[PDB]
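Below is one structure, written out as structure tokens, with a few remarks after it.
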Amino acid sequence: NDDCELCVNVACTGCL
């Protein structure tokens, strides 16, 4: 989705 729910955590910090 457009909420950075596809990262390596839950803060849009460290997304692949």
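Letters A, B, ... mark the chains of the structure tokens in the order given; residue numbers begin at 1 per chain; ligand numbers begin at 1, in order shown.
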
Contacts of residue 16 in chain A at 9 Å or less, counting only C-alpha atoms, minus same-chain residues fewer than 3 places along, as a VMD selection string? chain A and resid 6 to 8

For the selection you just gave me, I'd like the residues written to a file as a PDB file, in the first residue's frame, keeping N, CA, C and O atoms.
ATOM      1  N   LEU A   6       5.775  -2.238   3.397  1.00  0.00           N
ATOM      2  CA  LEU A   6       6.618  -3.293   2.764  1.00  0.00           C
ATOM      3  C   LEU A   6       8.095  -3.015   3.050  1.00  0.00           C
ATOM      4  O   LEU A   6       8.925  -3.032   2.164  1.00  0.00           O
ATOM      5  N   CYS A   7       8.425  -2.750   4.285  1.00  0.00           N
ATOM      6  CA  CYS A   7       9.845  -2.460   4.634  1.00  0.00           C
ATOM      7  C   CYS A   7      10.403  -3.553   5.547  1.00  0.00           C
ATOM      8  O   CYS A   7       9.744  -4.530   5.842  1.00  0.00           O
ATOM      9  N   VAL A   8      11.612  -3.384   6.009  1.00  0.00           N
ATOM     10  CA  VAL A   8      12.212  -4.401   6.916  1.00  0.00           C
ATOM     11  C   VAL A   8      11.905  -4.032   8.366  1.00  0.00           C
ATOM     12  O   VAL A   8      12.605  -4.413   9.284  1.00  0.00           O
TER      13      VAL A   8
END
